[PDB]
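Below, in C-alpha coordinates: the form deposited without the RNA, a single chain.
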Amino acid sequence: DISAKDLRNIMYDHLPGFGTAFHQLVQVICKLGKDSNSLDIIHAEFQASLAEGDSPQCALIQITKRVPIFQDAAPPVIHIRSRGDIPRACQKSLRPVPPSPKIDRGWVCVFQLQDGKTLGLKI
(Lines give C-alpha, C1' and ligand atoms only; values in the text may rest on other atoms or scores of the structure.)
Protein backbone atom coordinates (compact mmCIF):
# COMPACT_ATOMS: atom_id res chain seq x y z
CA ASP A 1 0.00 0.00 0.00
CA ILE A 2 1.40 3.34 -1.15
CA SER A 3 1.96 5.69 1.81
CA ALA A 4 1.68 9.48 1.91
CA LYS A 5 5.48 9.74 2.10
CA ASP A 6 5.96 7.36 -0.86
CA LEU A 7 3.54 9.32 -3.04
CA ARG A 8 5.09 12.67 -2.10
CA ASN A 9 8.50 11.37 -3.20
CA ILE A 10 7.07 9.90 -6.38
CA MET A 11 5.55 13.26 -7.30
CA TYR A 12 8.57 15.33 -6.16
CA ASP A 13 10.73 13.25 -8.48
CA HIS A 14 8.84 14.64 -11.48
CA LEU A 15 9.04 18.33 -10.45
CA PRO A 16 11.76 20.90 -11.27
CA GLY A 17 13.19 23.10 -8.53
CA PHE A 18 12.53 22.79 -4.81
CA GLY A 19 9.93 24.31 -2.46
CA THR A 20 7.88 25.58 -5.40
CA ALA A 21 4.11 26.07 -5.28
CA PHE A 22 3.70 22.69 -7.04
CA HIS A 23 5.77 21.09 -4.27
CA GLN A 24 3.33 22.53 -1.73
CA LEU A 25 0.42 21.28 -3.87
CA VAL A 26 1.95 17.80 -3.71
CA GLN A 27 2.00 18.18 0.09
CA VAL A 28 -1.67 19.25 0.20
CA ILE A 29 -2.80 16.48 -2.20
CA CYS A 30 -0.98 13.88 -0.10
CA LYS A 31 -2.27 15.20 3.25
CA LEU A 32 -5.90 15.44 2.12
CA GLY A 33 -5.52 12.18 0.21
CA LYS A 34 -4.33 10.34 3.31
CA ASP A 35 -7.11 11.81 5.44
CA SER A 36 -9.67 10.50 2.94
CA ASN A 37 -8.00 7.14 2.21
CA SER A 38 -7.64 8.14 -1.42
CA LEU A 39 -3.90 7.87 -2.02
CA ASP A 40 -4.40 4.99 -4.43
CA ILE A 41 -6.75 6.77 -6.84
CA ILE A 42 -4.64 9.95 -6.60
CA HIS A 43 -1.55 7.95 -7.57
CA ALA A 44 -3.43 6.28 -10.40
CA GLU A 45 -4.70 9.61 -11.81
CA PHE A 46 -1.25 11.07 -11.54
CA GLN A 47 0.34 8.19 -13.45
CA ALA A 48 -2.48 8.12 -16.03
CA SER A 49 -2.02 11.81 -16.83
CA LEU A 50 1.73 11.39 -17.27
CA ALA A 51 1.14 8.36 -19.52
CA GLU A 52 -1.15 10.57 -21.63
CA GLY A 53 1.73 13.01 -22.09
CA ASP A 54 0.67 15.74 -19.68
CA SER A 55 3.38 17.64 -17.82
CA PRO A 56 3.67 16.68 -14.15
CA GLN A 57 2.38 20.14 -13.23
CA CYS A 58 -0.69 19.58 -15.43
CA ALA A 59 -1.11 16.11 -13.90
CA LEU A 60 -1.24 17.65 -10.41
CA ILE A 61 -3.82 20.26 -11.45
CA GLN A 62 -5.89 17.54 -13.14
CA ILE A 63 -5.93 15.66 -9.82
CA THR A 64 -7.57 18.63 -8.08
CA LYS A 65 -10.18 18.59 -10.84
CA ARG A 66 -10.78 14.85 -11.35
CA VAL A 67 -10.47 13.39 -7.84
CA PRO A 68 -13.78 14.04 -6.06
CA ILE A 69 -12.34 14.93 -2.64
CA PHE A 70 -10.85 18.09 -4.21
CA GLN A 71 -13.87 19.18 -6.25
CA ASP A 72 -15.17 22.43 -4.71
CA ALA A 73 -13.03 21.87 -1.61
CA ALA A 74 -11.54 24.76 0.34
CA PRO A 75 -7.78 24.92 0.74
CA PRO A 76 -6.44 23.61 4.05
CA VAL A 77 -5.28 26.06 6.70
CA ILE A 78 -1.67 25.64 7.78
CA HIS A 79 -0.54 27.42 10.92
CA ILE A 80 2.99 28.82 10.74
CA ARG A 81 5.00 31.30 12.80
CA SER A 82 6.24 33.77 10.21
CA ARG A 83 6.40 34.32 6.46
CA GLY A 84 9.89 32.77 6.57
CA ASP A 85 8.49 29.33 7.36
CA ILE A 86 7.18 29.36 3.78
CA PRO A 87 9.72 28.06 1.22
CA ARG A 88 11.64 30.65 -0.82
CA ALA A 89 10.31 29.48 -4.20
CA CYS A 90 6.74 29.92 -2.92
CA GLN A 91 7.11 33.55 -1.86
CA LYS A 92 6.00 35.25 -5.08
CA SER A 93 2.94 32.96 -5.26
CA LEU A 94 1.54 34.25 -1.96
CA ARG A 95 -1.57 36.44 -2.21
CA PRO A 96 -4.26 38.07 -0.12
CA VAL A 97 -6.90 35.42 0.67
CA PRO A 98 -10.07 35.82 -1.49
CA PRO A 99 -13.62 35.36 -0.07
CA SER A 100 -14.23 31.73 -1.12
CA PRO A 101 -10.96 30.12 -2.20
CA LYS A 102 -11.11 26.66 -3.86
CA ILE A 103 -8.35 24.11 -4.44
CA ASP A 104 -9.63 23.33 -7.94
CA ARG A 105 -9.39 27.01 -8.84
CA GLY A 106 -5.70 27.11 -7.89
CA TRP A 107 -5.70 27.99 -4.18
CA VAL A 108 -3.28 25.41 -2.79
CA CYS A 109 -3.44 26.32 0.86
CA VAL A 110 -3.92 29.17 3.27
CA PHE A 111 -1.14 30.07 5.64
CA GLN A 112 -2.24 31.45 9.01
CA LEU A 113 0.59 33.40 10.64
CA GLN A 114 0.76 33.68 14.41
CA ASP A 115 0.28 37.45 14.39
CA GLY A 116 -3.03 37.05 12.60
CA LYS A 117 -1.79 37.66 9.04
CA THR A 118 -3.13 35.22 6.42
CA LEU A 119 -1.84 34.44 2.94
CA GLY A 120 -3.12 32.17 0.17
CA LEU A 121 -0.80 30.20 -2.09
CA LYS A 122 -1.94 30.54 -5.67
CA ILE A 123 -1.16 28.51 -8.76
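Throughout, we count residues from 1 along the sequence that is shown.
Student: Should the higher mean CA B-factor in the entry be assigned to 64 to 72 or to 31 to 39?
Tutor: 64 to 72 has the higher mean C-alpha B-factor.
Student: What stretch has the higher average Cα B-factor here, 79 to 87 or 93 to 101?
Tutor: The stretch with the larger mean CA B-factor is 79 to 87.
Student: With respect to C-alpha B-factor, does residue 10 fall in the lowest, middle or highest third of the chain as deposited?
Tutor: For residue 10, the deposited C-alpha B-factor lands in the middle third.
Student: Among all modelled residues of this chain, ranked by Cα B factor, put residue 123 in the bottom, middle or top third, i.e. lowest, middle or highest.
Tutor: It belongs to the middle third of the chain when residues are ordered by C-alpha B-factor.
Student: When the modelled residues of the chain are sorted by Cα temperature factor, does residue 21 land in the lowest, middle or highest third?
Tutor: Ranked within chain, residue 21 CA B lands in the middle tercile.
From this point on, the text means the form solved in complex with the RNA, which you will not see here.
Student: Kindly indicate whether 22, 55 and 92 are, all three, within 4.5 angstroms of the RNA in the deposited complex, using heavy atoms.
Tutor: Checking in the deposited complex: 22, 55 and 92 are all within 4.5 Å of the RNA.
Student: Flag residue 7 as yes or no: does it have a non-hydrogen atom within 4.5 angstroms of any non-hydrogen atom of the RNA in the deposited complex?
Tutor: Result no; residue 7 lies far from the RNA in the deposited complex.
Student: Give a yes or no for residue 78: in the deposited complex, does one of its heavy atoms lie within 4.5 Å of a heavy atom belonging to the RNA?
Tutor: Residue 78: no, not in contact with the RNA in the deposited complex.
Student: With a 4.5 Å heavy atom cut-off, would you call residue 119 a contact of the RNA in the deposited complex?
Tutor: Looking in the deposited complex, residue contacts with the RNA do not include residue 119, since no heavy atom lies within 4.5 Å.
Student: Though only this chain appears here, would residue 61 touch the RNA in the deposited complex if you measure heavy atom gaps against 4.5 Å?
Tutor: Contact check for residue 61: yes, within 4.5 Å of the RNA in the deposited complex.
Student: Only counting heavy atoms and a 4.5 Å limit, does any residue of 1 to 19 reach the RNA in the deposited complex, and if so which ones?
Tutor: Residues within 4.5 Å: 16, 17.
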